[PDB]
Each structure stands twice: as C-alpha cells, then as structure tokens.
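Inside the fold
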Amino acid sequence: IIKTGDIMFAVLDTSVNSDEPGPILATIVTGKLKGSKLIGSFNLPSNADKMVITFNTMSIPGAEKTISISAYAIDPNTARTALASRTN
Amino acid sequence: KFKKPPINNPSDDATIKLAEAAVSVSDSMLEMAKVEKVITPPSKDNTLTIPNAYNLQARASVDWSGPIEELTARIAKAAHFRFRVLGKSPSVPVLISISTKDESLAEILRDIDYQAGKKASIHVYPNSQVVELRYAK
Amino acid sequence: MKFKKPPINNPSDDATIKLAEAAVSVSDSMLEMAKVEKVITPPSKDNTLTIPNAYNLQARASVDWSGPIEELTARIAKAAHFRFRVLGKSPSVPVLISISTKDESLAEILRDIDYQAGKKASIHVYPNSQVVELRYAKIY
Amino acid sequence: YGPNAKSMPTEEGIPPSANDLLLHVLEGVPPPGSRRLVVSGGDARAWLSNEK
Amino acid sequence: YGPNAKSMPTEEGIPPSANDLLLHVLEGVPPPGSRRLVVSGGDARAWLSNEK
Amino acid sequence: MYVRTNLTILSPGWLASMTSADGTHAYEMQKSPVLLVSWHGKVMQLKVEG
Amino acid sequence: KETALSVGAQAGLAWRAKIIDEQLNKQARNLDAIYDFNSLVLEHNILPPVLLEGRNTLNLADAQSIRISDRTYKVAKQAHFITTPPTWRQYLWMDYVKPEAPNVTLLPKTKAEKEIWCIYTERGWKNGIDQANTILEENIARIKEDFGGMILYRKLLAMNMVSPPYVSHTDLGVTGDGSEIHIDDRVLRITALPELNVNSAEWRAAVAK
Amino acid sequence: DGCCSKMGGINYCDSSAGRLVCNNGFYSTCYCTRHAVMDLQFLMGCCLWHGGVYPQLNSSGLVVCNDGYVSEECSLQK
Amino acid sequence: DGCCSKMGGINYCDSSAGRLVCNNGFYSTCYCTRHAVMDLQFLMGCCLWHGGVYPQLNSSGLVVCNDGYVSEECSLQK
C-alpha cells in the first residue's frame, strides 16, 4: 500500500544511449523498499532539451511476484525531468 | 628496581565490587554445601577391610560386566581359596562391571562389596582359606 | 590550594556498573538464603574426621580449575605420592567442579572438593597406608 | 430454559486478582508481545503491550 | 461411548534406548547418507544427517 | 501386577500405564510387596500380599 | 539525508556491541563464579523450577470491586531434566556481525551537505549505542530473573512450602535379541512435579540470632 | 560546555546516578544520561492530561484526545 | 615471519600435534593443521548460540534463528 504519487530514491547502474530502447534496470536503496529492482525503458523526445525514462516492471525481493506499477524519475538535487548528459 | 602490580588487579570500583560480590557468594555457597553434606565416620562404615593375606597381593588385569558370583569364584580359584555362597540367588541377578589393568585383588574385592551394597556382601577367612558370598534376606 | 577526594581510579564502564548492580543483590539474596538455611537446620559434624590431615601433606598449592575431577585428583595424588583408588562406576553425566583459590592446604583442597561434590562423590584418606580413595555415589 | 430464556440476573462474582504479568514487569522482563517506551526525567522503565 | 461422549484416553510406551547410529559414529564411520562438516580449533569430527 | 485406581503411584514407578476419559488409571508392573501412593498433595505407604 | 542516520546507527551498534562483548569476555572468571548453576542442581540431575514472588498486591476492577492480597508466589517454568548446567553466556553474550558496505549512492557534495551528513551520522551512532545498552539491560534482567527464581524455589523448599520432586528408577537385566543385547537397562522416570502446598498446618518458621 | 571546568577534568559518566565525574573526586553537575533525576516542572504538547493525542487524523482541524475530550486550543480556529 | 627463526628451519608438520617441527629438535610456535588446540575465546556470528541463522528470506529486515528467537542486532532498523 503506497500513497498515490509519492516520492522514493533509487540508483541507476547500467548506462544506455538514447538510440535503441531496451531493458534498463535500477535499484531502490532507501525507504520501505530495500534492494527492490526496477526494469523499464526510455522514450525519444521531440527535441534534445530533456530525456525521461519509463519505469514499469517493479520486482520486490523475498516474494515471488512481479507487480506492474508504472512510474517515472526526476533528477536528484536538481528536481528536473531532464537528463544529465551531452547534447551538442 | 622496577615492580609491576598484578595484571588483573581490580583497579576500578566496578571491578572491586564484582570481585567482592564473587567472594561473598562463593563463601555462602561453600557454607551451605558444608552444612548440607551428609557424612559418616570410618568407625561404622559399611565396607570390607583389606584381608592382607599374602596370596592377595598379586597384580593382574580384569574386564567384566555381569554376574558377580562367577567372577568371584574365578578370583578365588586364582588365589587358591575355597569358594562358597549362602542365600537364595534372586531371579534378577546382581550385575557389576569392573575394568582395571593393574591393582590388588583386595581392592578388587573391596570394589565388589561396595558395588554389591545392600544386595549381598562378602566375607574372607584367611585362617581357613575361604571366601563366602552372603546374600540379603 | 586545589581540592581532591581520596579514591581516584581508571574510568569505569556502564556494563560493569550494571553487572555489579545485579551482583550485589544476588549476593545479598544468597547470604540470606544461607543464613536461614543454617538457622533452620541442625548441623551435625565435620568432614575433617573422615579425611584428617597428616604429615607430608602441607606442601602449598594454588589452583584454577573449571572442569571434571579425574585429572585434578590424579595430579593431586601424584604430588602427594599416594596410592590412587576409585570406587563405583562413573555415571554418564560428568561431575564438574570449579575452584578458584590461592595458597591453601592439601587437606583443605580435598575437603573443599568433597564438599562441592556434595551428594555425588565422596573422598577418603588412609594415611597409614598412604592412599587416597574417591567413590562415586551409589544411585540410579 | 425454554425459547425465551437467558434473562436471569447476573449473580455475584469475585473480582479477578492482579494480572500476572506484573510479576515479570517487576522482575524486569518485559511481557511477550510488547515494545519498549522512552521516558526521561528520572529512573523508571516502561512498556506497552495491550494499549496499557 | 456415543458421538457426543468425550472419550479421550491416552497411551504411553516404554522409552527407547539411544540410537545405534552413534555406534557407527564412535567406531568412526560416518552415517550413511549424511554429509561431512567442518570443525575448527580443536580435535573433533562432525556430521549432519537429519538436522541432527 | 495389574493395578487399577484413580490415584497416582510415586515410589515404585511404572513401565506402562493407561488412562480412561473418566479419569481411571491402570498400571502394569513387576511384583513389589510395598507401594507408595500420592493423593491430595500427600504421600503415604501401603503393603500387599503376594 | 537519511542514509547518514542509517549507517551511523549500524556502525554505532556494531562498535558498541563488540566493545561490550570483549569487555565481558575479558572479565570472565568472576561471572561464572557468581552464576554457579551446577551446585544448585538437585540430586537426580533435575533442574529445579523457578519461583516468582510478589508482595502487597491490589487490583481494582470497578466500583465496589477491589481485591487485595499480601503475598503471592507463582511457578514460572516447571522443573525438567538436564544434561549440563547453563552458563552466563546464553543470557549475557550478544551477537556481533560487522557491517562493511555503506552503499555509496548519496555522497557528500557541498559543504553544508557534508556537515549535516556528519552530524546526522553522529546522532544515529549515539542512538545505536544506547539501543545496544538497553538490550544489555534486558538480558541482565532476564538472567537475574531466572537465578532469583531458582533461589526462591530453594528457600520455599527449605520453608516446607513446595513438595520436592520425586523420581523412580526401574532396572532390567539382560535385554535385546540375538543380534542386539544390553547388559543392564535403567529407566528413570519422574512423577511428582514440585508444587506449592496450601495446607498451612504443616508450615514451619525459623528464627535467627 | 565544560562540565568539569577549573577542575581535574571530565573522567567518566556514572549511570548509577546519570552524573559526570571530574578527575578530582567531586561529582560534576551536568546530566550524562536520560535516566537522571531532573526536576523539570514544565511540559509541552497538546491533548495532555487526557487520553493523549488520538492516533487517527481527521479531515477537519478539530483534534480530540483519546479520552474523548477535545483540545480546543490544539484545534485550529476560524 | 620465520616460524623457526634463528633456528635450523622448518622440517615438516606433525599433524597429531598440528605443529611444525624445526630442523633443530623443537616444535615451532606456529600451527599447520586446523585440527589443533588453539586457545580462542572470542568470535563472531549472527544468530549465535542458537539454531543458527534461519535460511528464510524476508522482504523486510526481520531475521530469526532456528530456535525461533529474533535478533535486532542481526536485523536492521526503520
């Protein structure tokens, strides 16, 4: 039971280029979920001013199930939806 | 010249308190055990003294666990003493185990009597070189 | 002209403090237990009679043992140059004695050992024959 | 008792004695299924088991 | 005794002796089907067969 | 010796015993001329023949 | 932001636990000396039970309902067999597994971040220390409980308030088949579990000097 | 901040009284454990001296203590 | 780091003793076999002195031992 649209922290360990959408996984490190993992993919925006990632495949450790909560991400310490990379 | 105090000196208030508490409880338990323990004088101990007959100062080894009369008869035969029994053998036999390597048959017989206890006892006549096994009633 | 109080020591620790806090009450309870036990029961006699001391038994010993009794009594007999004798069959459950003393007599060593054994073992000494005998309890 | 019953008045009943968990609490062992509490200002200990 | 009767007796038997598997243990052969264990710091051998 | 009662035996000790739902005990034992019975928190002694 | 608190608490708990455990082990012999279980074992290798005592109790139920008593005693754990006396260790020793993996995800970047991270770690580590201390307190309470219960059993038995335990031994001679044999089989079975006696008529009092 | 100032210096915290001890044998004056005799005669917090703050949260700003009494001063005004 | 330092050197390892033997007639103060007598009275381990660490896995940090007792130290907090 998680409140609608609340806030969590996570860590991305596998890098990817915005050229071929594919499985990318991250790991929740704090909050109620510890060591939970999250598979998703990105989208290609109309312009190169930002980049967002789709996160839908949530796997909680311990139990043998795979919930389908879909969520997005924001830039920590910046509070933005863009991506930290090069655009020139 | 140099002198070093003992390593485990209670140099702290907690240490000294713990150590003196240990002393106190040890003393109390020792006193309780002393006042509780039951003893009997050797003047009236229910045991057989050493016959001290020269043939009994032999040295041997014996391992056994079972009927007593058989082993006692074997020992008497080894020592060249007549063997006899008085009483009715109980249906359930009195069984003792002895496993020794080198000692005196006198000590063996003493242990035999000690294990027999109230069930039976053993008497030794050295003047008339006989041994008797007396049952209970 | 500074001021001080006599007892100054190394700093203590809270764990030891709480240990002492428990132990003092435990000791007081044990003391009361022994006191009431002694006043309610009539004492009878002493084990000095059954194991009197003798010559060549005053050599001093200091021990720290927290195990069984067989090695201990064997070493004591070897030091005493006396015959070792065992009576009874050792029960499966070992009989364990812990002793922490300093500079006592051999006779007092034996008396304390027998007292702490209590109802499970007994000790006899025959000085004329120079023999030490340990007997297990006839039970079970 | 017939169809319309269980209307007899409740008889007298000796009140129950003190709850037995008090013994463990006094000794210092918290009762099972309880959790600790934080208290300052002096020397005391507390626990919460059954909203008590 | 009827269906509504209590009729709840119990039966007890003579206790068994110790396992003869310990005889194989003492003679030194590991018990069949078990696995060897690792013992450190002393002179001993260990085995685990049936969570014992 | 098959001994049936409603009390408990203390000193001799049984090797096999049975109980009923109503609360009757029946022990089977070897021959012993003397028995020790405990009831109402007190233990007394009695004797038998043969 | 809060990983600071978490790691601080973990490290503090671990460090305090290791220090207290090693100090306890260093101060060894007096502990086993005071907590001498074996000499309190009864004759038949039977662990004596544990008694709980209370004095001057009162409970209010509701209006016109208050029940008051002077003293109370209870049997905490029934007596049972034992093959070796317990020690101080099964009550006082507490485990210690050192953590070594502070997950390096949220790291100090700016100065104020570093400062708040440091102070939060410090307070968390203090919290871990005091929590470990409280756990030690509970352990001490539990072991004191058991020892005091044993002592109280001894004293009530002395005062003739609890029946002593009773056991019977049945012996059989040779036993087994042609393949398995036993020399003498001894069966020990206890019958009278120790319990309080309500008959005050046989109660005995003692007076010191 | 120095409890044992102008003295031998802070030695250790005895929890039997929750007190710091200076290097000179005299007791200090600070508090070094929450389990200390502190004679505080003031407290904060609302719904005090009743059932306590009710765990549940209401949509309205009215707050009621667990005894059923309502803490008006704790409830927001309008 | 020479066990038989200032001596003849290592000869071999007596397993019954679990010790090295120097070339000169002495036992070295080093062990070779793990089945020797080492006097250690301090160690580590979660769920210690119980049924050991239970092989279950929990979504939260709750950890238990085969005796059924739990361990806050072995577990985490929240």
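Residues numbered from 1 in each chain as written, not as in the entry; some residues may be left out. Chains lettered and ligands numbered in written order. Part of a larger assembly, values for the part shown. Heavy atoms only, no water.

- The deposited coordinates derive from cryo-EM, with the record listing a resolution of 4.6 Å.

1. As for the overall build of chain G
- The helix and strand tally for chain G stands at 4 helices and 8 strands.
- The linear arrangement of helices and strands in chain G, starting from the amino end, is α-α-β-β-β-β-α-α-β-β-β-β.
- Computed over the C-alpha atoms, the radius of gyration of chain G is 27 Å, more than 25% above the 17 Å expected from 2.2 N^0.38 for a compact globule of 209 residues.
- For chain G, the C-alpha atoms occupy an extent of roughly 80 × 75 × 40 Å along the three principal directions.
- Excluding contacts between residues fewer than 6 apart, the proportion of contacts in chain G whose partners are at least 24 apart in sequence is 67%.
- For chain G, the accessible surface area stands at approximately 12,100 Å², while carbon and sulfur atoms represent 60% of it.
- Across chain G, the mean location of the 25 positive side-chain charges is 8 Å away from that of the 26 negative side-chain charges. (Helix = DSSP H or I, 4+ residues; strand = E, 2+ residues; numbered from the N terminus. Rg over C-alpha atoms; globule rule 2.2 N^0.38 Å. Contact = heavy atoms within 4.5 Å. Areas by Shrake-Rupley, 256 points an atom, 1.4 Å probe, with all protein chains shown as cover. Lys, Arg positive; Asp, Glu negative; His and termini not counted. Charge placed at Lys NZ, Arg CZ, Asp CG, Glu CD.)

2. Focus on the overall build of chain F
- In terms of helices and strands, chain F carries 0 helices and 6 strands.
- Relative to the 2.2 N^0.38 estimate, which gives 10 Å for 50 residues, the radius of gyration of chain F is 11 Å and therefore close to what a compact globule would have.
- Along the longest, intermediate and shortest principal axes, the C-alpha atoms of chain F span 30 × 25 × 15 Å.
- For chain F, the proportion of its 50 residues judged to be buried stands at 26%.
- Contacts in chain F between residues at least 24 apart in sequence constitute 30% of all its contacts with a sequence separation of at least 6.
- Summing over all exposed atoms, chain F offers an accessible surface of approximately 3,500 Å²; the carbon and sulfur share of this is 62%. (Buried < 20%, exposed > 50% of the residue type's maximum accessible area, 1.4 Å probe, protein only.)

3. Some points on the state of the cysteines
- According to the stated counting rule, one finds 10 disulfides over all chains in the structure shown.
- With a sulfur-sulfur separation of 2.0 Å, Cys 4 of chain H is cross-linked through a disulfide to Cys 22 of chain H. Taking the torsion about the S-S bond as the criterion, the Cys 4 of chain H to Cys 22 of chain H disulfide, at about -85 degrees, is left-handed. Linking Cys 4 of chain H in the segment before β1 (10–14) with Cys 22 of chain H in strand β2 (residues 19–22), this pair joins segments that are 18 residues apart in sequence. With respect to burial, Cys 4 of chain H and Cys 22 of chain H carry one shared label: buried.
- Note on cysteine connectivity: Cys 46 of chain I is disulfide-linked to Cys 74 of chain I, with sulfurs 2.0 Å apart. Between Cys 46 of chain I and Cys 74 of chain I the sulfur-sulfur dihedral comes to about -90 degrees; the bridge is accordingly left-handed. Of this pair, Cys 46 of chain I sits in the segment after β3 (27–31) while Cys 74 of chain I sits in the segment after β3; the two residues are 28 residues apart in sequence, bridging distant segments of the chain. (Disulfide = S-S within 2.5 Å.)

4. Topic: the arrangement of the chains
- Ranking the 14 pairs of chains in contact by number of contacts places chains B and C first.
- One finds no contact linking chain A with chain C; the least C-alpha distance across the pair is 34 Å.
- The two partners chain B and chain F share no contact, and the minimum distance between any of their C-alpha atoms is 12 Å.

5. Re the interface of chain C and chain B
- The interface of chain C with chain B comprises 39 residues on the first partner and 31 residues on the second.
- Contact between chain C and chain B buries roughly 3,000 Å² in total, counting both sides, with carbon and sulfur atoms accounting for 62%.
- When the buried surface of chain C facing chain B is broken down by residue, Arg 85, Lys 89 and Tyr 115 of chain C rank first, second and third, together holding 20% of it.
- At the boundary of chain C and chain B, one finds 3 salt bridges.
- Where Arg 85 of chain C meets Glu 107 of chain B, a salt bridge forms, and the shortest distance between an N and an O atom there is 3.7 Å.
- In terms of residue count, the dominant contributor to the side of chain C that touches chain B is helix α1 (residues 14–40) of chain C (11 residues). (Buried area = accessible area lost by both parts, 1.4 Å probe. Salt bridge = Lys/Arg side-chain N within 4 Å of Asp/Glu carboxyl O.)

6. Some words on the packing of α1 of chain C against helix α4 (residues 111–158) of chain G
- Between α1 of chain C and α4 of chain G, the least distance of the axes is 11 Å, while the angle of their chain directions is 0 degrees. Accordingly, the angle class assigned to the pair α1 of chain C and α4 of chain G is roughly parallel.
- Broken down by class, the residue content of the contact of α1 of chain C with α4 of chain G amounts to 13 nonpolar, 3 polar and 8 charged. (Axes fitted to C-alpha atoms, helices over the stretch in contact; angles between N-to-C directions. Parallel < 35°, antiparallel > 145°, perpendicular 65-115°, else oblique. Nonpolar A, V, L, I, M, F, W, Y, C, P; charged D, E, K, R; others polar.)

7. What to know about the environment of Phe 26 of chain I
Residues and elements named next belong to chain I.
- Of note, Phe 26 is situated in the loop between β2 (19–22) and β3.
- A residue is classified by how much of its surface remains accessible, and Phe 26, at 54% relative accessible area, is exposed.
- Residues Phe 26 and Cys 4 lie 22 residues apart in sequence; the distance between their C-alpha atoms is 9.1 Å.
- Filtering out sequence-adjacent residues up to four positions away, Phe 26 remains in contact with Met 7, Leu 20 and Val 21.

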